[PDB]
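Quick mapping for you: the protein sequence lines, in order, are chains u, g, a, j, I, b, p and Z.
PDB author numbering applies: residue 25 is where the first sequence begins, and numbers increase by one.
PDB author numbering applies: residue 2 is where the second sequence begins, and numbers increase by one.
PDB author numbering applies: residue 2 is where the third sequence begins, and numbers increase by one.
PDB author numbering applies: residue 49 is where the fourth sequence begins, and numbers increase by one.
PDB author numbering applies: residue 2 is where the fifth sequence begins, and numbers increase by one.
PDB author numbering applies: residue 2 is where the sixth sequence begins, and numbers increase by one.
PDB author numbering applies: residue 321 is where the seventh sequence begins, and numbers increase by one.
PDB author numbering applies: residue 2 is where the eighth sequence begins, and numbers increase by one.
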Amino acid sequence: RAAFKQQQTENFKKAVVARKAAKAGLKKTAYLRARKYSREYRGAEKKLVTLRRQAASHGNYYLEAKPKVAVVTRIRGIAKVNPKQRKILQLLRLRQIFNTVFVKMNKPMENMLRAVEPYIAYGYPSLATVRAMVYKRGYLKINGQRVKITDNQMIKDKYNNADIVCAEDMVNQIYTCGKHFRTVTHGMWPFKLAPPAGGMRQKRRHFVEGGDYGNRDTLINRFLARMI
Amino acid sequence: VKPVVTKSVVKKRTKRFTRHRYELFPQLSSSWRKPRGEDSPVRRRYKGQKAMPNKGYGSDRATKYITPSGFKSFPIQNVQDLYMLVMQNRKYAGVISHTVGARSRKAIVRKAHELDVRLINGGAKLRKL
Amino acid sequence: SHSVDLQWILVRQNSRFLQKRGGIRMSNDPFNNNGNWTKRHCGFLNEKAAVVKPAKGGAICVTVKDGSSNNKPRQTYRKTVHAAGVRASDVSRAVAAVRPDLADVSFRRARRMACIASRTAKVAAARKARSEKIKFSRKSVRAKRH
Amino acid sequence: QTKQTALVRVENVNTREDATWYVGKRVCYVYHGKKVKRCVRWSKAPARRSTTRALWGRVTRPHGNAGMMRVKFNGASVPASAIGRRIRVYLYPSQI
Amino acid sequence: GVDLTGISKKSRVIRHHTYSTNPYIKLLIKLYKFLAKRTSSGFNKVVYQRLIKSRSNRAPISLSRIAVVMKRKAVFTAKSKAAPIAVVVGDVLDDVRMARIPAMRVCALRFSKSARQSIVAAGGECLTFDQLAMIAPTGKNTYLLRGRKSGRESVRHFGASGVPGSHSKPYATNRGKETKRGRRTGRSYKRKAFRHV
Amino acid sequence: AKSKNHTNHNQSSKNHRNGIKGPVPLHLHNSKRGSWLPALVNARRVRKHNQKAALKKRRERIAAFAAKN
Amino acid sequence: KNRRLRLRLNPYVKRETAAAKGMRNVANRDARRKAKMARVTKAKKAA
Amino acid sequence: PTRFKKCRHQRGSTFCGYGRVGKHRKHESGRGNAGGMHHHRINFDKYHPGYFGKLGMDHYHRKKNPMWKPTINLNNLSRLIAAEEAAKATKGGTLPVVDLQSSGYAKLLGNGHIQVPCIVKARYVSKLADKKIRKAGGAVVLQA
RNA sequence: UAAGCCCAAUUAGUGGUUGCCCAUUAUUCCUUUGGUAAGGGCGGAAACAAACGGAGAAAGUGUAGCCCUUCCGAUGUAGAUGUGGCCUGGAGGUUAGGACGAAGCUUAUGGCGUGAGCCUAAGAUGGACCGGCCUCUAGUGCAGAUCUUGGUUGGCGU
RNA sequence: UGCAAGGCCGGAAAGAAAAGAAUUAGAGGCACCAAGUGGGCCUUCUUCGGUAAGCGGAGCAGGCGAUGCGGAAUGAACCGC
RNA sequence: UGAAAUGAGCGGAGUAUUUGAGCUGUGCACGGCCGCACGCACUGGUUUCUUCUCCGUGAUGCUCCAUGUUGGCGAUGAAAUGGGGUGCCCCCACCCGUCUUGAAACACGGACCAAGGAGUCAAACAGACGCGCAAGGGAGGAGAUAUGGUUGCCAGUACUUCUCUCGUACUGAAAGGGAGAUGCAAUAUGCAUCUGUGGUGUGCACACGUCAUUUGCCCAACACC
């Protein structure tokens, strides 16, 4: 009936197939990416184990190397914060109590983290935390809005890079550092977490004391998984 | 003419806002005024002082301005004003004005009962036939 | 030549037909279908318009504007009565010939007038049925004139 | 005090593990009025007509560390005239 | 509370609406607010940006400014393809200082009576914004111009007069009044005529 | 009454509230009026001859265009 | 923790969950331990 | 329109925007221009340099009439010519006479490629204004 | 046999791994309001009388917001500004009301708005004026000045 | 045809590798008009006069002033926020 | 309460490849070329254990609203929800305005009410914003008639000029002087031409390209001349 209705409702007709074809075609990649990575991870921890176990029994040792990513969360509130510890907590995107970020661990970021330590409980993430934090608390920053990740399509949208497609590419550069670690995090909205379920018992002291703040190494995972 | 139903009618706060310390003084009207007192407790929010009006008390904007009957109230001074709300009568209802008469008030009650538009202060006996 | 676009900026906030009461904006225009105050519903203002308006028993008139006799008023508004039992899509399809914008409302209003007339018929019957019992001490009749 | 959630010490329930058994049960507060008002089976079973009344609730979760269990009286709160008086914890809804 | 120093200092003022009571301007923005939205063209949403600016920010260009400018573009265009339109969202005025203007098809909100005759008498057109939507709905092959805003006597008074290296016109009704100290070098001192920054 | 107080207290908090604006770029203001003059003269004596040569190129690119087409 | 998302973000999750449930069965888990303990110790005694 | 005034938004503020500590009062600084050399010195030496002192020789009884020279530019001789005179003009041909003392101007300055050649009747002329007309095919016939 | 001091733990060499209570905090859900706000729809798709699935859809800063989905913020003295923001006496318009009862007045008279306020109900009040809306206009909003004037009042049958 | 300067015309441009080898709720920049304030006080650390002071005077910062709310029975400023 | 149930979950039909077990070959890794390899990387062998796999519905719905089951009460006087009043209980809670670093203060004003009660009017200047006109803009005072009329509505509206005034030009104490571009060219007023940005760097939109960006012109504007 409507002259342009067909010139419309036929265009909608093939844009629907374009969606469905460009959807189920993404699972194939999202599937063969995850596969590639899961096998990639067991091919590492099982390499260290064989490699560690050789340095033992011959009287050698094995360096764990140096962790690269570090999860950082802010244990104090906003009050009575000095000028240089504002400007650092802002450049780390931690603007709020119990925000969290993933950052490289290198000399400029190491020396930057120790000036704010009274504010910061940080450490070295598991793979279980990154998955949990990129899935459950993951929010992409799209056009200025903080939007939850309900889908693998929107990730491929924001990042046109096509080394980041599914949520399992997200976790990868987060976990393994790598090339796109910045442009993946920098597009994540900084994590917002609940308080720890059972608690620290003294936010005001360093962890190596009856304290929270500072570098608690891998015990951050155990501490962080209470926030999620 | 059963009204257009909305979602839940919940009000944020029913109790009114009255100005600080009007009960003590008989000339002070219960109407609100914002205290500008520098050491005034109410301005400083002391927990157990009266609460102030905010942007935060809005009425939900879905159920906003709806009387308990389900009808947004439109005033009517004469039998010709019934015709505007003939079509939307599921939404609006009429309110005869105060000064409108025992004689005009006879007319509007008829020509409302015929059209099925609803009057609030219109005689309700024709409805409870 | 004074387009509707330009005239709606003039009459929007002031009018005879505006009638904003208690924060509500209705319209007392006789040519409004549902009575909201908007361009599509301003009959006096638009260059082509239509209305679903009642007549005797259940007949449904339709008044209709048009571009051409736009000035010259007894000639710019033309009414045509549809028969008593008219379908509502019949009346709407008339209005949709002139102004397809109104195809929905004229339908809902066509069915509406049909509801009113058959509502007046039940009421005016029940009022007089029980008006017999009342003994009135006065009544008035305007005497036929030649 | 936040007057939404009551606190109930139910007799012979002395530990927390003993409270989680009661999550969901329906508490009652059986006070009385002065004049006799309307009642649930009124005029069906007129022998219930009387001055006594009840407020009902549910047990929302264990409060404390020993046998102490919070309560929600549905849509309202209990009077503060009920404090230190008899609350009734029934055995239903049964989870068994 | 979340920490956002400010947050009142990245925010800036925009004002989508118009401060003009003119009923016709309110039609022109009606057109471009529509067709700067759906048009996918740079030109067409600049004129919507510009159409809401209050008179002070829309400065009339004289004629002979359009002519000189458009004679600079007309040299390097291909001789085959010529269709520039002077499109101005301000007023266009008449320059007594220049005669013999070519035919430019200028578009504007308002023309000086002597400026419009001085166009058509030399063979050009004058076409207002309800036309140009028909001729250049994409703004294609238009030429967009602004005004000259920096010669106003208000911009001349801005800044303090007695600051070193500030040439600025002070507020006085009697010009012979303030010449005599801090201006003349002879008595107290002369404000330095130039200052490095 | 002792009115002679002096403090720096709140200042660098105010000075950074609109921030300390960084310097103006080198290219923005040169304006060499200082300046060592016999070099300044010999700079304008060239800067004139660069105008002729550059305004001539304006003409040679008028012909060469209309020459092309 | 929601079954419907996690698969949309990681379609491979089910293989991963099935591989993990392949450990938790008691028959396979200790027969896993029997072989590891023999595999490793024999490797030690080779150096 | 007193309903738009700032006073009408300030009912209830009690201080009308003049401040709680330093109050509004009457005259804080002295009345008017008072304080030029003293406690306003920064203002009058910043925004108004030159307000103080004496300058120049002294002219009693200044009557503005004997000194009257509105001038004009060669660039601006168009608007003293009606249309159809400016249409027909050429160097050596017949060209319209423009009178100044009847047109409210006196001196004829420089500043322009004279647009329309003319013979201009002017009380006062300048050097470079002379050349251009004389060169562009007009003339200057001076009057009084 | 601490309900004291030092140290330490979490239901205790029994399997590691969060005892419990309380914030205007954190996380999340609903509702409001403001954006440097982000995006979508707005060419009426078609069909369709009563009687015995309805109703809207405005090219738009602001309203009872054109509709919808989304995201972030939200406290504040002095101070600045905004409001299609409330009230008052009048003038230009427009639309109404009123001896079947106007202004005024009184009320455990309710209804609407975050609020200024509006509106209806009743008067066993009143006795002749008056409301809405656009615009104009000003002697235009009271609790405090040892404020002005009139009245009254506890102290006191002292 | 060295050096100074203004250009012009070509060259290349991990657009900044590797080495721990940056990060950002990073729109930069300019302008007009104008209010209030110009009595402050408290604290970690540094600090001068004084026997000392809930005394007087400063430095870098954070607060109260202007702001409550949860906590130290109570307290402007402490603790958490 | 299905008024678009997008579901491993709902429907349809079928029996899939992730891990763990043993091992392949080159490689890595370990020990002092061989031996090792705890089983890493590459091809990717075994099926003994382990697990479900696959494909299906756009809106022709732009918006809002409208669809269960079981009992109690509700049969025109009542029932029910909301609002209101008075008392009570548990809890929370210093007296207002003000000067003040600091007020609940043993700091000052304060018995109650009604009616009054405080940023106004005028002029000069400026900057925002609305309007007209634009190298021109605008009067002021007065005159002229419809009106030489009308109780009034009219003290208004309509009409008008040479002039006046703020502008188009500025500078010097003053006498005085007084502004374009290009080419040729160096003449103590050089000469010619007149469709034109004085030049350079940065710079909307547009135009022809390219994988945001090359070049053209660059409006406004900033800077150097």
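The beta carbon of each residue, even a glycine, is placed where N, CA and C say it ideally should be.
Query, Result
"Compute the beta-carbon to beta-carbon distance between u:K128 and u:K92, rounded to the nearest angstrom, for a pair I have assumed lies under 8 Å.", "6 Å"
"Once you ignore the five residues that flank I:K46 on each side, which residues in its own chain have a CB closer than 6 Å to its CB?", "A37"
"Count the CB pairs spanning the segment 36–51 of chain a and the segment 50–61 of chain I that are closer than 8 Å, and state whether there are at least three.", "no"
"To which residues of the same chain is a:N47 closer than 6 Å at the C-beta, ignoring the five residues directly before and after it?", "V5"
"In the segment 53–114 of chain a, which residue ranges form an unbroken alpha helix (DSSP H) of at least 4 residues, counting only runs that do not cross its ends?", "89–99"
"Starting from u:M133, follow the alpha helix (DSSP H) in both directions and report where the run begins and ends.", "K131 to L137"
"Beta carbon of a:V99, beta carbon of a:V53: below 7 Å?", "no"
"So with Cβ pairs under 7 Å, would you call u:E192 a contact of chain p?", "yes"
"Counting contacts by CB-CB distance shorter than 7 Å, is a:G36 in contact with chain g?", "yes"
"Here's the rule I'm using: 16 or more other beta-carbon atoms within 10 Å means buried, otherwise exposed. How should u:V96 be labelled?", "buried"
"At the level of alpha carbons, what is the spacing between g:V110 and g:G124?", "6 Å"
"For a contact defined as C-beta to C-beta under 8 Å, what are the partners of u:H82 on chain p?", "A367"
"Show which residues of chain I have a CB atom less than 8 Å away from the CB atom of Z:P50.", "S162, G163, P171, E179, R182, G183, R184 and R192"
"Output needed for Z:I115: all residues of its chain with C-beta closer than 8 Å, excluding positions within five of it in sequence on either side, in chain order.", "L75, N76, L78, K133, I134, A137 and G139"
"Using only the alpha-carbon positions, how far apart do u:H230 and u:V158 sit?", "28 Å"
"Flag this pair as yes or no: are the beta carbons of g:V2 and g:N90 separated by less than 7 Å?", "yes"
"Output needed for Z:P71: all residues of its chain with C-beta closer than 6 Å, excluding positions within five of it in sequence on either side, in chain order.", "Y106 and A107"
"By the three-class DSSP mapping on this structure, what secondary structure does Z:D100 have?", "strand"
"Does the segment 148–166 of chain I come close enough to the segment 17–35 of chain Z that 3 or more CB-CB pairs lie under 8 Å?", "no"
"Who are residue 147 of chain j's beta bridge partners in DSSP?", "In the structure displayed, chain j extends from 49 to 144; residue 147 of chain j sits before or after that span and is not available."
"Just to confirm before moving on: does the CB-CB distance between g:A94 and g:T7 stay below 7 Å?", "no"
"Suppose contacts are defined by Cβ-Cβ distances below 7 Å. Is a:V96 in contact with a:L103 by that definition?", "yes"
"Any C-beta of chain a sitting closer than 7 Å to the C-beta of I:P103?", "no"
"CB j:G115 to CB j:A67, shorter than 7 Å?", "yes"
"Would the C-beta of g:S74 count as close to the ligand MN, meaning under 6 Å from any of its heavy atoms?", "This structure lacks the ligand MN, and indeed carries no ligand of any kind."
"Within 10 angstroms of the Cβ of u:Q197, are there 16 or more other Cβ atoms? Answer buried if so, exposed if not.", "buried"
"Report yes if the CB atom of I:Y190 is closer than 7 Å to the CB atom of I:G183, and no otherwise.", "yes"
"If we ignore side chains and look at the alpha-carbon of each, how far apart do g:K12 and g:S60 end up?", "6 Å"
"Run through chain I and tell me which residues come within less than 7 Å of b:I63, C-beta to C-beta.", "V76"
"Taking the straight line between their C-alpha atoms, what separation do you get for a:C43 and I:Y25?", "21 Å"
"Out of curiosity, what's the CA-to-CA distance linking a:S70 and a:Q76?", "6 Å"
"For p:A351, count neighbouring C-beta atoms within 10 Å of its own C-beta (all shown protein chains included) and say buried if the count is 16 or more, exposed if not.", "exposed"
"To the nearest angstrom, how far is the alpha carbon of u:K182 from that of u:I166?", "7 Å"
"The alpha helix (DSSP H) spanning I:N45 covers which residue range?", "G43 to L52"
"Take I:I30 and list the residues in its own chain whose beta-carbon comes closer than 7 Å to its own, dropping the five residues that flank it on each side.", "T19, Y49, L52 and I53"
"Considering only the alpha carbon of each residue, which of a:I117, a:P74, a:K73 and a:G58 lies closest to g:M88?", "a:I117"
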